[PDB]
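Visitor: Dropping a structure here in C-alpha cells format, bear with me for questions.
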Amino acid sequence: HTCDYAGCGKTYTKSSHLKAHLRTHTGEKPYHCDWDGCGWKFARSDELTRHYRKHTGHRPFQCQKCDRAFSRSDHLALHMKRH
DNA sequence: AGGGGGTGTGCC
DNA sequence: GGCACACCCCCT
Ligand code: NA
Ligand SMILES: [Zn+2]
Ligand SMILES: [Zn+2]
Ligand SMILES: [Zn+2]
C-alpha cells in the first residue's frame with residue numbers, strides 16, 4: 001500500500017492508515033462535530049472523539065496524588081511530572 | 001499551571 | 001474500521 005500523491009511514496013501495512021494518510025494531502029476532514037454552534041471538523045475519527053470530551057466534560061484520567069481529573073492521558077502525565 | 005489540535009504508531 | 005497512547009506545537 002503506497003501513497004501515489006506527488007513525490008511521496010509512503011508505505012503502509014493497513015488500508016485504513018493509508019486512507020487516513022491521504023487526508024493530509026487532500027485536506028478532507030470528514031468527521032464533523034455536531035455540537036450546537038461548534039463547527040470543528042477533523043481528518044481522523046479519534047480526533048473527534050477526543051474533541052467531544054471538551055463538550056461532554058468527560059474526565060476519565062484521575063490523579064491519585066490529588067483530586068484533579070483530566071480528559072486526556074498526556075495531560076495527566078504532564079500534571080504528574082510537574083506536581 | 002491547564003487546555004487545545006496534528007501526527008505517528010500499535011492494538012482491538 | 002476505531003481507539004488510544006505518546007509526543008509535538010500551539011494558546012489560555
Ligand atoms: Na487491509
Ligand atoms: Zn503521502
Ligand atoms: Zn465541537
Ligand atoms: Zn495531582
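Chain labels A, B, ... are given in the sequence in which chains occur in the C-alpha cells; within each chain residues are numbered consecutively from 1, and ligands are likewise numbered from 1 in the order shown.
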Fewer than 6 positions away in the same chain doesn't count, so skip those; otherwise give me all residues within 12 Å of residue 47 (chain A), counting only C-alpha atoms (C1' of nucleotides), as an NGL selection string.
Guide: (:A and (20 or 29-33 or 40-41 or 53-54 or 72)) or (:B and (4-7)) or (:C and (2-4))
Visitor: With a cut-off of 9 Å and counting only C-alpha atoms (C1' of nucleotides), select all residues of chain A in contact with chain B and give the selection as a list in words.
Guide: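 Therefore, the residues near the partner are residues 47, 51, 75, 79 and 82 of chain A.
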Visitor: From a DSSP calculation on the backbone, collect every residue of chain A in strand (DSSP E or B) and output the set as a VMD selection string.
Guide: chain A and resid 2 11 31 to 32 41 to 42 61 to 62 69 to 70
Visitor: Write down, as a ChimeraX atom specification, each residue of chain A that has any atom within 10 Å of an atom of chain C, counting only C-alpha atoms (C1' of nucleotides).
Guide: /A:15-17,44-46,49-50,72-74
Visitor: Save the residues we just selected, N, CA, C and O atoms, as a compact mmCIF listing (two decimals), in the first residue's frame?
Guide:
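So the final result, stored in selection-v6.txt, reads:
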```
# COMPACT_ATOMS: atom_id res chain seq x y z
N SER A 15 -4.96 -0.73 5.08
CA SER A 15 -5.64 0.20 4.18
C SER A 15 -6.11 1.44 4.93
O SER A 15 -6.01 2.56 4.41
N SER A 16 -6.62 1.26 6.15
CA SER A 16 -7.21 2.37 6.89
C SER A 16 -6.17 3.44 7.22
O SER A 16 -6.50 4.63 7.26
N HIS A 17 -4.92 3.04 7.46
CA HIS A 17 -3.90 4.02 7.79
C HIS A 17 -3.46 4.81 6.56
O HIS A 17 -3.14 6.00 6.68
N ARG A 44 -9.33 12.67 11.27
CA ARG A 44 -9.33 11.36 11.90
C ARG A 44 -10.47 11.27 12.91
O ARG A 44 -10.78 12.24 13.60
N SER A 45 -11.08 10.09 12.99
CA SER A 45 -12.22 9.90 13.89
C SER A 45 -11.81 10.03 15.35
O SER A 45 -12.59 10.50 16.18
N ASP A 46 -10.58 9.61 15.69
CA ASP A 46 -10.13 9.71 17.08
C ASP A 46 -9.95 11.16 17.51
O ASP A 46 -10.03 11.46 18.70
N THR A 49 -13.50 12.12 18.59
CA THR A 49 -13.81 11.50 19.87
C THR A 49 -13.11 12.23 21.01
O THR A 49 -13.73 12.50 22.05
N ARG A 50 -11.84 12.57 20.83
CA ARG A 50 -11.12 13.35 21.83
C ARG A 50 -11.73 14.74 21.99
O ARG A 50 -11.83 15.26 23.10
N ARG A 72 -7.56 13.82 29.00
CA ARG A 72 -6.54 13.20 28.16
C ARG A 72 -5.42 12.66 29.02
O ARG A 72 -5.07 13.25 30.05
N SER A 73 -4.84 11.54 28.59
CA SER A 73 -3.81 10.88 29.39
C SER A 73 -2.52 11.68 29.41
O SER A 73 -1.82 11.72 30.43
N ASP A 74 -2.17 12.33 28.29
CA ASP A 74 -0.95 13.12 28.25
C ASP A 74 -1.04 14.34 29.15
O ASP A 74 -0.02 14.80 29.69
```
Visitor: Kindly compile the residues surrounding ligand 4 within 6 Å, counting only C-alpha atoms (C1' of nucleotides) and all ligand atoms, and format them as an NGL selection string.
Guide: :A and (63 or 65-66 or 68)
Visitor: Restricting the calculation to only C-alpha atoms and all ligand atoms, which member of A:1, A:14, A:83, A:21 is positioned closest to ligand 2?
Guide: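 So, comparing all the options, the nearest one is A:21.
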Visitor: Show me which residues are within 6 Å of ligand 2 counting only C-alpha atoms (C1' of nucleotides) and all ligand atoms, and format the list as a compact mmCIF listing (two decimals) with N, CA, C and O atoms, in the first residue's frame.
Guide:
```
# COMPACT_ATOMS: atom_id res chain seq x y z
N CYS A 3 1.48 5.41 -1.21
CA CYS A 3 0.80 6.68 -1.46
C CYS A 3 1.31 7.26 -2.77
O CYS A 3 2.50 7.55 -2.91
N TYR A 5 0.55 10.19 -4.13
CA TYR A 5 0.33 11.63 -4.17
C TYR A 5 1.67 12.32 -4.38
O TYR A 5 2.52 12.35 -3.48
N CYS A 8 5.71 11.34 -2.99
CA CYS A 8 5.65 10.83 -1.62
C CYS A 8 6.21 9.42 -1.54
O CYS A 8 7.38 9.23 -1.18
N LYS A 10 5.07 6.97 0.47
CA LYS A 10 5.00 6.40 1.80
C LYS A 10 4.22 5.09 1.78
O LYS A 10 3.21 4.96 1.08
N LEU A 22 -3.79 9.80 3.31
CA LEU A 22 -4.12 10.58 2.11
C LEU A 22 -4.90 11.84 2.44
O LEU A 22 -4.91 12.78 1.64
```
Visitor: For ligand 3, which residue among A:43, A:70, A:81, A:37 is the nearest when counting only C-alpha atoms and all ligand atoms?
Guide: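 Among the listed residues, A:37 lies closest to ligand 3.
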Visitor: Using Å and a single decimal, report how far CA of residue 57 (chain A) sits from CA of residue 28 (chain A).
Guide: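 About the pair CA of residue 28 (chain A) and CA of residue 57 (chain A): they are 27.4 Å apart.
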Visitor: Extract the full set of helix (DSSP H, G or I) residues from region 10-70 of chain A according to DSSP on the backbone, and format it as a list in words.
Guide: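 So the helix (DSSP H, G or I) residues in region 10-70 of chain A would be residues 15, 16, 17, 18, 19, 20, 21, 22, 23, 24, 25, 26, 45, 46, 47, 48, 49, 50, 51, 52, 53, 54, 55 and 56 of chain A.
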Visitor: What gap, in Å, lies between CA of residue 77 (chain A) and CA of residue 61 (chain A)?
Guide: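 Answer for the CA of residue 77 (chain A) to CA of residue 61 (chain A) separation: 9.4 Å.
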Visitor: What is the CA of residue 56 (chain A) to CA of residue 78 (chain A) distance in Å?
Guide: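 Computing the Euclidean distance for CA of residue 56 (chain A) and CA of residue 78 (chain A) yields 22.3 Å.
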Visitor: Nearest to ligand 3 among A:11, A:19, A:55, A:4, with distances taken over only C-alpha atoms and all ligand atoms: which residue is it?
Guide: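 For ligand 3, the nearest of the candidates is A:55.
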Visitor: Restricting the calculation to only C-alpha atoms and all ligand atoms: of A:35, A:2, A:7, A:25, which residue gets closest to ligand 3?
Guide: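 Looking at the shortest contact to ligand 3, the residue is A:35.
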